[PDB]
Amino acid sequence: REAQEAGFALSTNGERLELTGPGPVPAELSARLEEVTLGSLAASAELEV
Amino acid sequence: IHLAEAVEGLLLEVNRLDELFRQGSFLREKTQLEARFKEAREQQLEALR
Amino acid sequence: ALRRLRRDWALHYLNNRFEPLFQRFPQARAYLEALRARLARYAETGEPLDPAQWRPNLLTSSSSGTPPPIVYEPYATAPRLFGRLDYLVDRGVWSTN
């Protein structure tokens, strides 16, 4: 959602994610991107534990 | 014994460090960093082009 | 530069974690700082911190002095007197902590 307000679609390749839209993505939205991917990794690990 | 337990807490602080590196603020800083670097590389590449 | 960023962010975080410990164990200032230097390093280099090369070896329990520590070694061998430095064999290589 916070990507689509910025005019980007959240494309999935796996657990890794990219953004679809014109030009380079904003720094904050990319930050949120790596944030959610790292958080998903950590959440999977703590799911295991 | 108190030093031993404090060191146990400190050794656990590795997970706090990792979760800090997943936080929003640090990730925003990191993305601003590589964004400056990428735009500088783009500036060089575009001068060359 | 991002390794530097991880390092100094970790240092800023660990300073507020170590200040109460610097107050509580002023004699351990050399140790704690060293430990901190290993934590922040783990933040940048990502080397896994082994919690056996950084756990303080509390050799023997604290004594109250009443009764004092009375140690009778009827069988006095250099290991039993000065303690021995145990070792481990990893692929047959000698190492210890």
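As summarised from the PDB record, the model derives from cryo-EM at a stated resolution of 2.54 Å.

Under the PDB entry, chain B has the name endopeptidase La and belongs to Meiothermus taiwanensis. Per the PDB record, the entry is named "CryoEM structure of LonC heptamer in presence of AGS".

Looking at the PDB entry, chain A carries the name endopeptidase La, with the source organism given as Meiothermus taiwanensis.

Can you walk me through the overall build of chain B in this structure?
Scanning chain B from terminus to terminus reveals 2 helices and 0 strands. Overall size of chain B, expressed as C-alpha extent along the three principal axes, is 65 × 15 × 10 Å. In the structure as shown, chain B presents an accessible area of about 3,200 Å², 53% of it carried by carbon and sulfur atoms. If the 8 positive side-chain charges of chain B are averaged to one point and the 10 negative ones to another, these points end up 9 Å apart.

What am I meant to see in the environment of C:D8 here?
All names here are of chain C. Mapped onto the fold, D8 is located in helix α1 (residues 2-24). Its relative accessible area of 38% is what places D8 among the partly exposed residues. For the pair formed by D8 and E73, sequence separation is 65 residues and the distance between their alpha carbons is 51 Å.

Sorry if this is basic, but what is going on with the arrangement of the chains here?
A comparison of contact numbers over the 2 pairs of chains in contact places chains B and C at the top. No interface is formed between chain A and chain C, the nearest pair of C-alpha atoms being 14 Å apart.

Would you take a moment to explain the packing of aromatic side chains for this structure?
Across all of its chains, the model carries 4 aromatic pairs over all chains by this definition. Plain terms: the ring middles of B:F26 and C:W9 are 6.0 Å apart, the flat faces sit at 75 degrees to each other, and that makes the pair edge-to-face. You can see B:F26 sitting in helix α2 (residues 24-48) and its partner C:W9 sitting in helix α1, one on each of two chains. Residue B:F26 is classed as buried on the basis of its relative accessible area, which comes to 3%. According to the relative accessible area criterion, C:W9 is partly exposed, its value standing at 22%. Judged by centre distance (6.1 Å) and plane angle (90 degrees), the ring pair of C:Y87 and C:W94 falls under edge-to-face. No difference in accessibility class separates C:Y87 from C:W94, as the two residues are exposed. Among the aromatic residues, those joined into a cluster by ring pairs are B:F21, B:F26 and C:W9.

Please clarify how α2(B) should be interpreted in this entry.
In an α-helix, one full turn covers 3.6 residues, which means residues spaced three or four apart are oriented alike. Taking 1.5 Å per residue, 25 residues should reach 36 Å; α2(B) reaches 35 Å between its end C-alpha atoms and fits that length. Buried within α2(B) we find B:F26, B:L27, B:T31 and B:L33. Elements that come into contact with the buried residues of α2(B) comprise α2 (27-48) of chain A, α1 (2-21) of chain B together with α1 of chain C.

Explain the pattern of salt bridges to me, please; I cannot follow it from the model alone.
Pairing is possible between side chains of opposite charge, provided their charged atoms come close. Summed over all chains, the structure comprises 12 salt bridges over all chains. The residue C:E44 makes a salt bridge to C:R7 at a minimum N-O spacing of 3.2 Å. Here C:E44, found in helix α2 (residues 29-45), pairs with C:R7, found in helix α1; they are 37 residues apart in sequence, far enough to count as distant. Classification of C:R7 by relative accessible area gives partly exposed; the value is 24%. Among the charged side chains, a network of salt bridges with common partners joins A:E2, A:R32 and A:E35.

Please clarify how the side chain of A:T37 should be interpreted in this entry.
When you line up the elements, A:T37 lands in helix α2. Leaving out residues up to four positions away in the same chain, A:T37 has contacts with A:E15 and A:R16.

The rules behind each value
Residues numbered from 1 in each chain as written, not as in the entry; some residues may be left out. Chains lettered and ligands numbered in written order. Part of a larger assembly, values for the part shown. Heavy atoms only, no water. Helix = DSSP H or I, 4+ residues; strand = E, 2+ residues; numbered from the N terminus. Areas by Shrake-Rupley, 256 points an atom, 1.4 Å probe, with all protein chains shown as cover. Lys, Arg positive; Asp, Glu negative; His and termini not counted. Charge placed at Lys NZ, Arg CZ, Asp CG, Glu CD. Buried < 20%, exposed > 50% of the residue type's maximum accessible area, 1.4 Å probe, protein only. Contact = heavy atoms within 4.5 Å. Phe/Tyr/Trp six-rings, centres within 6.5 Å; stacked < 30°, edge-to-face > 60°. Expected span 1.5 Å × (residues − 1). Salt bridge = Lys/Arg side-chain N within 4 Å of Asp/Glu carboxyl O.

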